[PDB]
Each structure stands twice: as structure tokens, then as C-alpha cells.
J.: 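Quick one: structure below, then a few questions.
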Amino acid sequence: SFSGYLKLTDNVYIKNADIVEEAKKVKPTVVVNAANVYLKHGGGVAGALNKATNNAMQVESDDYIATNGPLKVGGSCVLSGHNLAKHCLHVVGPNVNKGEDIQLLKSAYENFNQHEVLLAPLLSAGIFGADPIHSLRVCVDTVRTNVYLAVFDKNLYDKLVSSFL
Ligand SMILES: CNC(=O)c1cc2ccc(F)cc2nc1C
């Protein structure tokens, strides 16, 4: 199972790890993708997860979008996890660089509650522009299921653990 995680609360754990490498080692039931409404996995966690699937995640996502249209900001969809997990929960956090509403971050984390255990990144963090300390706070105050957070950046990981209330 998951190893080397620091327990923050009854149900939230955190580790300084590359979510792609973490997904391949563990092969969780669910890996969370930091998706956009179009499921266009270009950069950040999305580009990295997609590149690990040899673009199979993007091909599957384009078929999903052609059939269903785009997701909502704060929404999600369950697709295959390919070589990384049983499933991939594509969650759309607000992108503050695209002027999207930060209040939608709680709605985005609510999607995690439909899954008993997940390997995930901090939503709206990184290239999405939100404050990662705020994202971790929303995560522990919203998610009730078991979440194993993978934080790529070592200096951000230290700042998050050392500042956690
Ligand atoms: C094998 N690793 C990767 O391909 C990789 C992983 C990342 C994970 C999170 C992130 F936000 C960025 C990452 N970037 C990359 C290139």
C-alpha cells in the first residue's frame, strides 16, 4: 500500500513525491488528475499523467469530450487509470490564472468523497495559480475519505507540513 506518508489528520496524508512515480509504484484504485474542463492534459500534473499513459489518457479524454461536452469548473469524471491506477478521477479545480472563482475549490474537493481511498495532487495548486497552503486547508476541511497527497516540490512540501494548523 502507500508508504512514507506523513499523517496530517484522521483521513489526510502527505508525501514529497512525483504523483506519476507514486501511481506506478502503488497502482492505487484511484489517481486524481488536476484536469481542466476540456480534459486537455497539456501541463502540470495532467501533462505528466498523460505522458506516462503514452497519450492513451488524452485519446480516451477526447472521446469523452466529443460525447459529453466539457466538465464544469468544480466538477469531475471517472475515466480509466491506464498503467497508473484502476481509475482516474479527473477533477477540475478553479484556475485563478484564468480568472476562475476560488470559491469553487471546495466543490472540486467534494468529488473525492465519492471514493474511499485516493492518490491525489493539491487541487488548483501549481500552474492553476491558487495558494497551495489554502488548497491543503480546503482539502482537510472538505474531504472525509482517505486522501494520500503527493506534493512534487520539496520546498513546497516542507512549507506545507511546517505551516499546517
Ligand atoms: C516522470 N515524472 C514526470 O513526468 C513529471 C511528474 C510531475 C508530477 C507533478 C507535476 F506537477 C509535474 C511533473 N512533471 C513531470 C515532468
Side-chain angles (χ1 to χ4, degrees), residues 1-6 8 12-62 71 73-100 102 104-105 108-109 111-112 115 117-140 142-143 146-164:
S1 60
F2 296 91
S3 73
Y5 281 81
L6 179 105
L8 295 178
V12 186
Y13 297 83
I14 197 165
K15 189 190 174 168
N16 175 38
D18 176 330
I19 197 170
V20 171
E21 295 315 309
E22 195 65 18
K24 294 176 171 188
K25 177 73 186 94
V26 167
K27 295 182 200 263
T29 302
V30 177
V31 65
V32 174
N33 181 31
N36 53 51
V37 299
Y38 305 113
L39 301 186
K40 286 300 181 179
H41 312 310
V45 172
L49 291 176
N50 180 56
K51 176 186 181 195
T53 73
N54 185 36
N55 209 53
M57 173 181 294
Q58 190 61 71
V59 172
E60 181 202 26
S61 295
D62 291 346
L71 278 70
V73 173
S76 74
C77 72
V78 174
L79 290 175
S80 176
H82 305 272
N83 61 316
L84 303 168
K86 170 58 168 301
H87 298 293
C88 174
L89 179 66
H90 298 265
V91 183
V92 186
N95 187 327
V96 323
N97 295 323
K98 277 192 226 150
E100 301 166 353
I102 196 62
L104 292 164
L105 186 54
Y109 274 112
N111 294 288
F112 287 29
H115 302 278
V117 60
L118 315 87
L119 168 62
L122 283 170
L123 299 178
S124 300
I127 69 168
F128 278 59
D131 178 2
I133 298 173
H134 173 63
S135 180
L136 176 57
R137 183 32 55 187
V138 176
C139 177
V140 314
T142 311
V143 186
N146 304 334
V147 55
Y148 289 83
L149 297 167
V151 183
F152 182 64
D153 202 270
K154 182 256 193 209
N155 295 316
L156 172 58
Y157 172 78
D158 290 344
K159 187 176 152 62
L160 289 162
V161 172
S162 79
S163 64
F164 184 72

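Both backbone and side-chain heavy atoms feed into the values below; hydrogens, waters and symmetry mates do not. Whatever order the structure lists ligands and atoms in, that order sets their numbers, starting from 1. Counting from 1, the numbers follow the sequence of the chain as shown.
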J.: According to the side-chain hydrogen bond (donor to acceptor under 3.5 Å, both in side chains) rule, which pairs have a member within residues 33-44, sequence neighbours left out?
T.: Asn33-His41, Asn33-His90, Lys40-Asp62, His41-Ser61

J.: Can you list every protein residue that has a heavy atom under 4.0 Å from any atom of ligand 1, sorted by chain and residue number?
T.: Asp18, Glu21, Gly44, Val45, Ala48, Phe152

J.: Just how far is it from atom CD1 of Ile14 to atom OH of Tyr5, taken to the nearest 0.5 Å?
T.: 9.5 Å

J.: What's the shortest heavy-atom distance between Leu79 and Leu39, and which atoms?
T.: CD1-CD1, 4.0 Å

J.: Tell me whether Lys154 contacts the main-chain N or O of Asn16 through its side chain, where contact means a donor paired with an acceptor under 3.5 Å.
T.: no

J.: Calculate, to the nearest 0.5 Å, the distance between atoms CG and NZ belonging to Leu149 and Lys15 respectively.
T.: 12.5 Å

J.: Where does the angle between the aromatic ring planes of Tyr148 and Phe2 fall among parallel (under 30°), tilted (30 to 60°) and perpendicular (over 60°)?
T.: parallel

